[PDB]
Amino acid sequence: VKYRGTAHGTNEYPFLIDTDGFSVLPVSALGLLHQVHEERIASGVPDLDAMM
Amino acid sequence: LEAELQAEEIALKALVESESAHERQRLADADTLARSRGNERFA
């Protein structure tokens, strides 16, 4: 609700008390910084793979 | 009568030519259609 002196998150963040303790996995920490690969993955349907 | 039979021969010729052309054009059209629907372009 308040934290004087700096910026912080201001939304409500669902969390979990589980076997190891408090756990918060905020959705605001998800970015769009992935890495891309050039291989391909076979489907197990050789006909479908031929469509690409 | 000879002139008549020569005319008939020419008619036979023209008919065979037309049939051959029709066979050819159907094969070309079938190949075109099977191209525009095939997955070759991705091999």
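Residues numbered from 1 in each chain as written, not as in the entry; some residues may be left out. Chains lettered and ligands numbered in written order. Part of a larger assembly, values for the part shown. Heavy atoms only, no water.

Method of determination, as annotated in the archive: cryo-EM, at 2.9 Å resolution.

**Q** Just to check I follow, could you spell out the overall build of chain A for this structure?
**A** A count of helices and strands for chain A gives 1 helix and 2 strands. Relative to the 2.2 N^0.38 estimate, which gives 10 Å for 52 residues, the radius of gyration of chain A is 21 Å and therefore markedly larger than a compact globule would have. Across its three principal axes, chain A shows a C-alpha extent of roughly 60 × 30 × 15 Å. Counting across all 52 residues of chain A, residues that qualify as buried make up 0%. (Helix = DSSP H or I, 4+ residues; strand = E, 2+ residues; numbered from the N terminus. Rg over C-alpha atoms; globule rule 2.2 N^0.38 Å. Buried < 20%, exposed > 50% of the residue type's maximum accessible area, 1.4 Å probe, protein only.)

**Q** Help me out: how do you make sense of the packing of aromatic side chains in this one?
**A** Each aromatic ring pair is described using two quantities: the centre-to-centre distance and the angle formed by the ring planes. All names here are of chain A. Taken as a whole, this structure holds 1 aromatic pair over all chains when the rule is applied. Between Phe 15 and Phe 22, the aromatic rings sit 5.1 Å apart at their centres with planes inclined by 15 degrees, giving stacked as the arrangement. On the basis of relative accessible area, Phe 22 is assigned to the exposed category, the value being 65%. (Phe/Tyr/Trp six-rings, centres within 6.5 Å; stacked < 30°, edge-to-face > 60°.)

**Q** Explanation requested: a nonpolar patch on the surface in the structure shown.
**A** Residues and elements named next belong to chain A. Nonpolar side chains collect at one region of the surface, where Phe 15, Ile 17, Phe 22 and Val 24 lie side by side and expose about 460 Å² of accessible area between them. Elements with a contribution of two residues or more to the nonpolar patch: β1 (15-17) and β2 (22-24). Within the element layout of this structure, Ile 17 appears in strand β1. (Patch = residues over 30% accessible without salt bridge, like charges linked within 9 Å, V, L, I, M, F, W, Y side chains within 5 Å. Areas by Shrake-Rupley, 256 points an atom, 1.4 Å probe, with all protein chains shown as cover. Salt bridge = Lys/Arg side-chain N within 4 Å of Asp/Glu carboxyl O.)

**Q** I tried to follow the pattern of salt bridges on my own but got confused; where do I start?
**A** Between side chains of opposite charge, a pair can form as their charged atoms come close. Residues and elements named next belong to chain B. Under the criterion given, the structure shown has 1 salt bridge over all chains. Linking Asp 31 and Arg 35 is a salt bridge whose minimum nitrogen-to-oxygen distance equals 3.6 Å. Taken together, the positions of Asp 31 and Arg 35, both in helix α1 (residues 2-35) and 4 residues apart, correspond to about one turn of that helix.

**Q** Can you walk me through the environment of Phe 42 of chain B in this structure?
**A** By the secondary structure assignment, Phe 42 of chain B is in the segment after α1. C-alpha separation for the pair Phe 42 of chain B and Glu 19 of chain B, spaced 23 residues apart in sequence, amounts to 36 Å. Ignoring anything within four residues of it in the chain, the contact list for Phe 42 of chain B reads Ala 50, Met 51 and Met 52 of chain A. (Contact = heavy atoms within 4.5 Å.)

**Q** How do you make sense of the environment of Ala 42 of chain A when you look at a structure like this?
**A** Looking at the element boundaries, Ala 42 of chain A is found in the loop between β2 and α1 (46-49). Distance in space between the C-alpha atoms of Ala 42 of chain A and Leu 16 of chain A is 38 Å, their sequence separation being 26 residues.

**Q** What is the right way to read the environment of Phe 15 of chain A from this model?
**A** Residue and element names in this part refer to chain A. Turning to its location among the elements, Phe 15 is positioned in strand β1. Exposure remark for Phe 15: the relative accessible area of 47% places this residue in the partly exposed category. Every residue in contact with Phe 15, bar those within four places of it in the chain, is listed here: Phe 22, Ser 23 and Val 24.

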